[PDB]
């Protein structure tokens, strides 16, 4: 053990700098420990930084990307021009400055900001935090980030190459429970992907399985499907993964228990946090990560819809008993 310069007790002196980074992030980047756009942007960033990793390219003698190396910041000049990386510039520059000021690697910083940001959203599990990733990195090869217009086969092959099973793909998607879109249909800027964009809950899994009946915007944007109610945006990839036979049963099992969702997500994130590195080479500073307030609401089928309005796609398993709310159909406000 060690007692940091500010009284904070911790398990390794390497963790001490992280207490200052936490105070900076919570005060400035997160504007007072809030769960708003910055957390959502950072979650996009962690996935896009880490997923630039490909054992297949490497086995073939090409550079496959360094994974969770902070390349998205170090080489943003290249990576931020990738089609899937739009609307990230400002967040990346904000993060670039904190890492430079505290002398922490861009790779560790992205993982830390992710774990910290999630602590600001009720319902979130406490993400593991390892430190020690080298600050050096090479730009990620292009075409390694799954897109919303991709087929399930395509998404699974790419993610499978990175090292994730179909189950883990569904688990990692719990992040869309704290999501909106700004670039798929700018006419409905920040339309959320679930009714609770500030609560890490199973609503996303439930709501994407409902029959699509509504066009929330003036028109249908890129990769946009009909959603279940006004204000909610539904992206094609999500609607497809919810219904595909390879992923439908896992998606269905995520509807009933926030606890189980959180456990699986934490596990898949721990795995994604070290793509490109050896975990037994890093230092564990999980003790620095704050806890999120608990979510006590029960998973519900909102606004009068019933299991009848759910497009049950898992045959082997019956759809769980969930609480039903009374009507009318809600109309979602833009995510903050």
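Numbering follows the first chain given and starts at 1.
- Per the PDB record, of the two stretches 233-241 and 160-168, 160-168 carries the greater mean B-factor over its C-alpha atoms.
- As recorded in the PDB entry, 95-103 is the stretch of 95-103 and 70-78 with the greater mean C-alpha temperature factor.
- The PDB entry assigns its highest CA temperature factor, among 27, 273, 37, 54, to 27.
- Highest C-alpha temperature factor among 181, 258, 120, 196 per the entry: 258.
- The entry lists a Cα temperature factor for residue 138 that places it in the highest third of the chain's modelled residues.
- In the PDB entry, residue 83 places in the middle third of its chain by CA B-factor.
- In the PDB entry, residue 174 places in the lowest third of its chain by CA B-factor.
- In the PDB entry, residue 201 places in the middle third of its chain by CA B-factor.
- Among all modelled residues in its chain, residue 152 ranks in the lowest third by Cα B-factor.
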